[PDB]
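What follows is a set of notes on a single structure, which appears directly below.
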Amino acid sequence: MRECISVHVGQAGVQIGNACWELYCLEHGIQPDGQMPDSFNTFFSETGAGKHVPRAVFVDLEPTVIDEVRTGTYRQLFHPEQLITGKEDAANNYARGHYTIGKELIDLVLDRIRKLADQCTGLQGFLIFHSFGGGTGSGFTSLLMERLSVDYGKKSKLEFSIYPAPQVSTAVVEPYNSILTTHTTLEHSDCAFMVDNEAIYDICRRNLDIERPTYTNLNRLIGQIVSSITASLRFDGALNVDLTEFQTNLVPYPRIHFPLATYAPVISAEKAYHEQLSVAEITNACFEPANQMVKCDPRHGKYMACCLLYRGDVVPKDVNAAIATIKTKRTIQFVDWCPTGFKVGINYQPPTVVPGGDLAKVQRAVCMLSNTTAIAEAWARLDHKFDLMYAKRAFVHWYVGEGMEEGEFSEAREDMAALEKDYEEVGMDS
Amino acid sequence: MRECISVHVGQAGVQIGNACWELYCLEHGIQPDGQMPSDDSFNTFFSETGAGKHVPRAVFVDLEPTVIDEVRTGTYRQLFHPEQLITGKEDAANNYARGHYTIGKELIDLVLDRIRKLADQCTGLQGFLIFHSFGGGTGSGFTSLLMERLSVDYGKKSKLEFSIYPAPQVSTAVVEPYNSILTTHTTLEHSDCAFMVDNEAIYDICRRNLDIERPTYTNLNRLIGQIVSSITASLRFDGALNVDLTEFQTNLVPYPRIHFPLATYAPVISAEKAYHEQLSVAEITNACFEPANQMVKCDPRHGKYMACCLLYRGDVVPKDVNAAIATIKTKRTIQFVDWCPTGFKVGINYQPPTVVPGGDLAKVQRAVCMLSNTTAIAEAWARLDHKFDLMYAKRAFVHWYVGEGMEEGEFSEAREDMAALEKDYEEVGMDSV
Amino acid sequence: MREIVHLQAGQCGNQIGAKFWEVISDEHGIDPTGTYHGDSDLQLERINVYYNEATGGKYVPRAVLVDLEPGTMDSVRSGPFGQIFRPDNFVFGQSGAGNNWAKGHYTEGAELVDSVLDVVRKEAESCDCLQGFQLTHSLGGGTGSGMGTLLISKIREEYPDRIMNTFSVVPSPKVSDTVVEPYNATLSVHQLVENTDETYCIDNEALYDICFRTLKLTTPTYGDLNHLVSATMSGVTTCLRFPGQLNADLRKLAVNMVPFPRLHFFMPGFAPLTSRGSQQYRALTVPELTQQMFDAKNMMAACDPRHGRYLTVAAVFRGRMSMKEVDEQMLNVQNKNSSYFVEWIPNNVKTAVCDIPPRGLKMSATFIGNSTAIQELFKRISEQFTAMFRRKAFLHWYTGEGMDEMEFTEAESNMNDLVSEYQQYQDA
Amino acid sequence: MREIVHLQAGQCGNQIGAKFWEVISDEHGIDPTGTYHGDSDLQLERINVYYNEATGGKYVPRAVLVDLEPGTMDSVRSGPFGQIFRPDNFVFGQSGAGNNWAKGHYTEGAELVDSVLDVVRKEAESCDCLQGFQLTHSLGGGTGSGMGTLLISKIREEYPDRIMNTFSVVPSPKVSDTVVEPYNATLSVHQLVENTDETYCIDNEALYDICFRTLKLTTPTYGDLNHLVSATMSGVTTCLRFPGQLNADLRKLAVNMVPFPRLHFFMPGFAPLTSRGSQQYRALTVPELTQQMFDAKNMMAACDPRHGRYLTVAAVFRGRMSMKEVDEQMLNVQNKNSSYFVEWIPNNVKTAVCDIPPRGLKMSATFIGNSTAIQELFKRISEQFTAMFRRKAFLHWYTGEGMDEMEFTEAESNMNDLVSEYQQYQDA
Amino acid sequence: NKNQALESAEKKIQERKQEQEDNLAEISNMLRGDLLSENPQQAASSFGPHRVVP
Ligand SMILES: Nc1nc2c(ncn2[C@@H]2O[C@H](COP(=O)(O)OP(=O)(O)OP(=O)(O)O)[C@@H](O)[C@H]2O)c(=O)[nH]1
Ligand SMILES: Nc1nc2c(ncn2[C@@H]2O[C@H](COP(=O)(O)OP(=O)(O)OP(=O)(O)O)[C@@H](O)[C@H]2O)c(=O)[nH]1
Ligand SMILES: Nc1nc2c(ncn2[C@@H]2O[C@H](COP(=O)(O)OP(=O)(O)O)[C@@H](O)[C@H]2O)c(=O)[nH]1
Ligand SMILES: Nc1nc2c(ncn2[C@@H]2O[C@H](COP(=O)(O)OP(=O)(O)O)[C@@H](O)[C@H]2O)c(=O)[nH]1
Ligand SMILES: [Mg+2]
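Residue numbers (the deposited numbering), protein chains in the order written: chain MG, 1 to 37, 47 to 439; chain LG, 1 to 38, 46 to 440; chain LF, 1 to 428; chain MF, 1 to 428; chain 5A, 217 to 270.
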């Protein structure tokens, strides 16, 4: 009817999938077993019986992350094959994931993805979750995206990705692994939602009170954001918004397609019962420069767009009053060629709680995919970082020997250069 | 009224027929003694006597008694007629000359006497099903001699072949390319439709589609047994769109020398996997045309699809079949020839296949078997010709053949005739402009 | 209905065959007096290949006992299974060959060969359909090398269409028993290359090396050497004794292993051979069986396979197991070691599997290899022949017994022709 | 299914492996004999990375213990976990090198490499995906220094991509067990710069320090020092064995710690090392373990990292802990100490969080740090070699073992090259 | 399809335990097999304890 295949790539992806599909299960009441004790159709298919197998393809070159799922609590939910793993990892090297170690799993994946697209009568588009700083998540993702465009045609190939953090950086080759992936995905991705980690760390400490958070808490929040990008596709709402719509009302010029996400009523239970979270309250917070998902200060750019997705009990009148207020304050500035500015999508289903989560059952919530130009600061930091290394030809042997020319690096940084120019041109006001 | 005499020749033919007749016995409720515990649909395979016995309409022939005497001392001792199981004393020893000229010519009079006894017993005979292997001596020599004797005695009666074509890499014999080229050249025009399977593909099917690791020949013969049951399901069971055995030579082989379609069985999945997915008609139709679900080890995208015959079993809807094949034809991944715009034979049956106790298959509501005649089988012949002349250039192993009553010039006659077949496929594989 | 007549000559042939009939009787469940106290009916189903019926459920082997010395018959009767053989099949001479090929072939074995042949036709023609013969002897001795080759010629002029098998024990220089053994070996390979349909070359020093480092025995006697040979004979002919999921008897092995009628000298080996201390360190799987099968260290010949190319390879297996696992392993050994197999044969390895393992074993396998590298076995014997023939070392023992100089010359000439013919097919 | 063949070479190596294997066995749960007497499930999930599997639940270690004199290996067998090792992986020689790189790399080491390479293959053959090999050895000896380098070379060729780490024990800055250390080591380093993916450099000097100022141990035995090398060992292979929040691998660690190829010489170090009395007064918190792993004293090499710039850093934290902390306690380092980390590499630290904690511990970590301080080690080994080669001292010993004099200078050059690279980057 | 999966899982466990039973009988038949034991009893002959086997 209106289904959406979800292709998670890499540890980040596999682990994000775990949180996301757990929420999906406790929303459509599908117990870990896979049964309920047509809103589910979008994400969950169905055997002749009541076994609702998910519509996902968890793929990871390393045989470990997907193995914790194969033998876990949600073991009999996922189909044994959907979980596609390899024998050795991409060793934080785009090359291996896009040329050598990743050129032997692409077949299995595109085959299975086709098998989940033959049961789809209204495939809105594919959701591709991954992290730019990793090998598979950069290499294979780029690989898949290429053949995804040629096989599944022009579909809403959206991508909830994890951009490297301003300061913190798991791997040292992150600059490289993340520039060599934009260059190829720039023309094979519709909306690349950027959600960092150091921002979510800050939220888990300031908004929720969980000090010393783990990737679990961070991943749980990511799931609530993905639940809201796909809540009008499953549940019902006054103003429903489909995946196809976002691309139109968020991506202004083609290349510029890196929106930033934001939740809203992220409060601890002890705080929940101390504030009357109003539609304005949740909206005002969804714009504050400390609840953002990337540490790019939005008070430096111009909201080239905005898509506010209200979920829960949200009277249609308040959403207007709130947006009107935002429009008043001059801090929140929008580019001149966007006089309209916002896109609203109301969904009646209230946000759900996870047995052992962090946020407290709210009555209303808002998620805002915003295309600010303040994301330029991100690539500018990354560009220097890459430049600080390519100059010394550091870690270049780890790529030239894995089916890749040195020329590619330069070619990629020229595309990175172009995007950084475009993001500036679309800023210069009339 | 719908009978067919099934000849099982060679060890591959006999051991396949053990799983075939086990499946036939479980389908019609005939115990290994031959007596039903408590209809007339068994007549196509069994012949009821005056008492409650139901002897099969089959002959088991092999030159080596170490396989048939297992049947003569096994669970199905009392099912088979003693005269119907015919053995010699020395095997053909992977010699086509021994299976055709010296040793196999001894046993051809008793087998044809037993075949004509079964044919005189039959009232509605349709064709002969012969199970053998291209890589053996008895399965290549005595099979070939049987075709010459069946053509001279029975005429244009239908003859279907279920042969183990030689795998591209795995082989259990060294002179296996010699027998494969020799038996094909002399069966090119004494055979009507020869269905192809390879051992490597079933090994891959058992590894990736079934959950079982370390597969044996027992799992191979059961999955082949499911195909022949699916081929002959329309004669025994009620069907919405019935398919005969005289059908297969009409809608699969377009030209007289090309009669090697590719058999496959798409819904081959284990029980744990079957719980995790449905088995709808569109899902089982497009699983036939997958290159990973082929029961002949050759890539179907390398060549051109010429004729396809799809047989459906179970609660299958003809509309769902019409929708599934239409989505196959609009797919550009596989392509048909221009001179055959139809390229599809449809068969619908109502009874789902019976699960055998101990089998690796699952209880399925729908089943499909596709017999596809492809141009992509030409790369198998070219590779088989490459193996033949690699030893024929130095006359390797030819002294075992010339020393057993067969002329040396037949090697230079079979390969020249096979080289014609190589670019008979090239001739039919081009579009006309 | 496929009988095998066993022949054995010499002290080495009698002692190997005495252990051979002991292993067969343990597999077929036959006590030393000759009655079947076994368990499975699958044991007493094809007993007719080796044994013959006697009154009262008694089974006598179809073997003839041939030697020129009466001292070997006392040795074979002193064994645990010495009473199973028929006394009419004991054909023993009065004067020994004395490590003389001329005495074993011309003057002393000429009157005993008629008595042996009467017993051979006695056992051959009581079979409804005889498959072939089987001879165990040593090429370094006098009785085995001389009369053994004489029996090869005289039973092939009467049974030409039957297969001929000989389990030859060729000499090796580093373990030297007799000084005149290069003379005996050179005069006997010509009778092997022209008559025997298939032959196996057994090296004593490879058996000692296997018994030293693979089985790790403190004091390996000859009975341990004969046990390794006897397990290979059982592994070769286990197809026509027990059922298998896909079979290969003696003739089908000979067809697929011999590409040209002068190329039939094999390189035997036995797979499941582990030491006592390493019994608990192994996992009884097909990959270990195949990995130890193709090892030159496990080989029962003193010529290293890495020095030549495998023309063809046979693999006869015993036990209940999978076929994909076996079929993939022979695919793996061909693909990785592609330089060790000849290019003009694309499928060098054949496979036989029987579902019944030997008693006390769950799995077993035997290795048969026709390799070019056996030409260095003959080339090292020929260089020890031309070193003695040039100075006419021990030739007055042979010349005075009725043979000429040209017989030694034509024996070396046919022997060098075989080695050069092996060399040409390695070049390809 | 990644697997690691452990080649322990030399006396030092055979004792290092004896404790390394005991330690990994205690984690996986394998007992002295080899049966899983453990209290978990993940202890047997990924055991294929280090142990094979026999019958009965015996998990034989995938290891080859090599030596030019049986002594130390016979001593290893008669020990605690001395019956796990397969009895056919103890390849040994009969004439030792005698602190002579030459004998070990050209004379007697070169008559054993063949035998070792066989065992090596067999273990690497039965490997779905051999992630790589691992050589624990000493650089101031003969079988460890010579046959070790010989093996690393022949292996590196036969097996390309496969990772090839080496836990090498380099000479001390103070006292010297072997007088010929200068030559031995200098002649070996050259090879460890060409045929090693990632070489870890442990110096006995550091062990004493971390076993006197950190472990308050008054009577340390080489075994207490060997337990430390064994802890660092597991740390670099804990994510390919037990699950984790952020997973790592030998190859991944190499990619994010080897900037330019030549530089593969790292510096290891543990984390929750604490004294007996100073055990109850601790606070196992990521904050604490990250104040030791970086503390120069807790290094396992002589090079002090205050005289050099860390080109990279690799922390492998084994312990269910707060990801935020791991991260927050990483920036702090790169920030606070800002002159001890190069600027040409933005982020100079790799992080991995394996969950299953070290036995009898809540949170541990293994740090591997490529530092331009390592130039100190080779500078010392070179200033020694210089003094010796100048007066051509014990050159004779090396010369007449199949060696020359130019190879010595070649080596010295090769060393001065690596030390130049190091300095260049340090000042770059 | 569920009872087949439970039957197949129990069959594989039963085949694994039956594999370990004849693996232990494999080893136990080697340590007493008149070849690896090297007992001085193969030298016994039918002619008597004095004559032994040559
Ligand atoms: N925000 C967030 N990020 C995560 C989470 N889990 C993993 N990550 C990210 O994943 C990255 C590491 O994953 P990868 O390097 O791709 O590991 P991998 O998928 O095995 O890739 P390879 O090792 O190269 O094969 C880190 O940078 C994390 O930021 C999560 O739950 N939330
Ligand atoms: N389907 C199937 N094929 C088999 C089986 N056993 C062997 N084969 C195949 O059959 C080919 C040879 O046939 P054989 O089984 O040896 O029987 P044959 O054709 O009579 O040949 P011989 O009896 O050995 O002279 C081999 O190449 C195998 O690929 C089996 O049990 N089932
Ligand atoms: N394998 C094996 N070889 C043996 C045995 N007995 C003797 N030989 C070999 O046979 C050779 C001597 O043969 P010989 O007894 O003189 O043969 P004969 O003259 O024909 O009886 C020696 O080189 C031995 O190595 C045995 O029991 N087993
Ligand atoms: N850490 C540690 N070092 C050791 C051990 N045993 C020996 N060594 C070192 O090994 C060096 C000597 O290497 P050597 O004994 O000559 O090895 P060889 O080549 O096998 O003879 C000495 O400098 C010791 O410091 C041990 O158990 N632990
Ligand atoms: Mg047969």
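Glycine is no exception: its CB is placed at the ideal position from the N, C-alpha and C atoms.
is_contact[residue i, chain MF] using C-beta, thresh 8 Å
i	result
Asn239 (chain 5A)	yes
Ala283 (chain LF)	yes
Residue j beta carbon less than 8 Å from that of residue i
i	j	result
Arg373 (chain MG)	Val435 (chain MG)	no
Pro272 (chain LF)	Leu361 (chain LF)	yes
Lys154 (chain LF)	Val193 (chain LF)	no
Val353 (chain LG)	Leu378 (chain LG)	no
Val303 (chain MG)	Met203 (chain MG)	yes
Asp98 (chain LG)	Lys350 (chain LF)	no
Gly244 (chain MF)	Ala352 (chain MF)	yes
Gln342 (chain MG)	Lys311 (chain MG)	yes
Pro259 (chain LF)	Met300 (chain LF)	no
Chain-ordered chain MF contacts of residue i [CB-CB under 9 Å]
i	result
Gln236 (chain 5A)	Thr55, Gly56, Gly57
Interface flag, residue i vs chain MG, CB-CB below 8 Å
i	result
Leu331 (chain MF)	yes
Below-8 Å beta-carbon distance, residue i vs any chain LF residue
i	result
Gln301 (chain LG)	no
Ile243 (chain 5A)	yes
Which of helix, strand or coil DSSP assigns to residue i
i	result
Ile202 (chain MF)	strand
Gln35 (chain LG)	strand
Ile355 (chain LG)	strand
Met233 (chain MF)	helix
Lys252 (chain MF)	helix
Cβ of residue i within 8 Å of any chain 5A Cβ
i	result
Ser78 (chain LF)	yes
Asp224 (chain LF)	yes
Neighbour list for residue i in chain 5A, Cβ cutoff strictly below 7 Å
i	result
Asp404 (chain LF)	By Cβ distance, chain 5A contributes nothing, its closest Cβ being about 38 Å from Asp404 (chain LF), past 7 Å.
Contact list for residue i against chain MG, beta-carbon separation under 7 Å
i	result
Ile345 (chain MF)	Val181, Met398, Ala403
Heavy atom of ligand 6 within 7 Å of residue i beta-carbon
i	result
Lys103 (chain MF)	Questions concerning ligand 6 fall outside what the structure shown contains, since the ligands it does hold are ligand 1, ligand 2, ligand 3, ligand 4 and ligand 5.
Below-8 Å beta-carbon distance, residue i vs any chain LG residue
i	result
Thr56 (chain MG)	yes
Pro268 (chain MG)	no
Within chain LF, partners of residue i - CB distance below 8 Å
i	result
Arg86 (chain MF)	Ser278, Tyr281
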